[PDB]
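Encoded as structure tokens, the following chain is the form deposited in one PDB entry, with no partner shown.
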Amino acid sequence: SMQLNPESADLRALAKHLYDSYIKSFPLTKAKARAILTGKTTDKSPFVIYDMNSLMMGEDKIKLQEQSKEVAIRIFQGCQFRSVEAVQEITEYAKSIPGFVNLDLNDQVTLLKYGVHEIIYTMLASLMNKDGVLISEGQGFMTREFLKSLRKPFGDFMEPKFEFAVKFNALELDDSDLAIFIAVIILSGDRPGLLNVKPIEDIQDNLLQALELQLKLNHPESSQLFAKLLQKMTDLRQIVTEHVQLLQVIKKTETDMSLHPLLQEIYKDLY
């Protein structure tokens, strides 16, 4: 039913704008990650962390009393620091979404508070294959089974993210698709405590039309892909819920556990 009209031309311009700002905001794109993971890159191989020995060499190779801490806690704290960096990137990307910076600044903050973890887990899939995940902007690669070997209660925190990634990656989205997918998530009008829902819904409705057109153009091999991505949005909310519960369980049994204060603020009323 697709047409070349002014409306479709505007949706393509919006897709391109979003792609261009995504490239500016996120230094390690899915294209560059896939090239590293396949070896197809001309870059030096990342340092592979597959066991305790290679974890410690990695800490020398990859460029106070935190180092004192046990391996599992140094890794968990590394993931938290990654997430704080990602929040900065996603914030800069959100400001590029047309209409976002004209929303009420409280609503901008609310959308980022409730959206950032869904986007973090989306983009973490770009850096994953069935064996492991890229770390330190592609300088390292940490194996799935090494992460599973960490002592309880830290042996299971990456497993749901890998499970998500294997299925998400089978959809073969590229960075032009992901730019629009992430924008749609950020512009969710059902986040708690939003002042002005209708202007958020208006922006999301337009992004959703831009996403459906992008997917029909870019993926002739599937007519199901738009529907499947709507389901992945709901799946991501359950991944974040499942992570919040895991942090509850970690905290009871590991009460010495330092959570980054920025993440403590984001997690406050996050369910």
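Take the two forms, superpose them, and find the largest set of C-alpha atoms that agree within 1.5 Å; that set is the rigid core. Numbers for residues come from their place in the sequence shown, where the first is 1.
Another form exists, solved in complex with a partner chain; not displayed. Remarks below refer to it.
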Practice task
Mark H117 yes when one of its heavy atoms lies within 4.5 Å of a heavy atom of the partner chain in the bound PDB entry, and no otherwise.
Solution key: yes
Practice task
Could you confirm whether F146 comes within 4.5 Å of the partner chain in the bound PDB entry, counting heavy atoms only?
Solution key: no
Exercise for the section: Please run the contact check for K95 against the partner chain in the bound PDB entry: heavy atoms, 4.5 angstroms, yes or no? Expected result: yes
Exercise for the section: Spell out, yes or no, whether the shortest heavy atom distance between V87 and the partner chain in the bound PDB entry is within 4.5 Å. Expected result: yes
Handout entry: The unique member of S136, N169, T91, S176 whose heavy atoms fall within 4.5 Å of the partner chain in the bound PDB entry
Key = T91
Handout entry: Contact at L105, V109 and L112 by the partner chain in the bound PDB entry, all three, heavy atom at most 4.5 Å
Key = yes
Practice task
Classify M257 as shifted (yes) or not shifted (no) between the shown form and the other one, where shifted means its C-alpha moves by 2 Å or more with the rigid core superposed.
Solution key: yes
Fill in the blank from the handout: What changes in the bound PDB entry is the Cα distance between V109 and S258, by 3 Å or more; the two atoms are farther
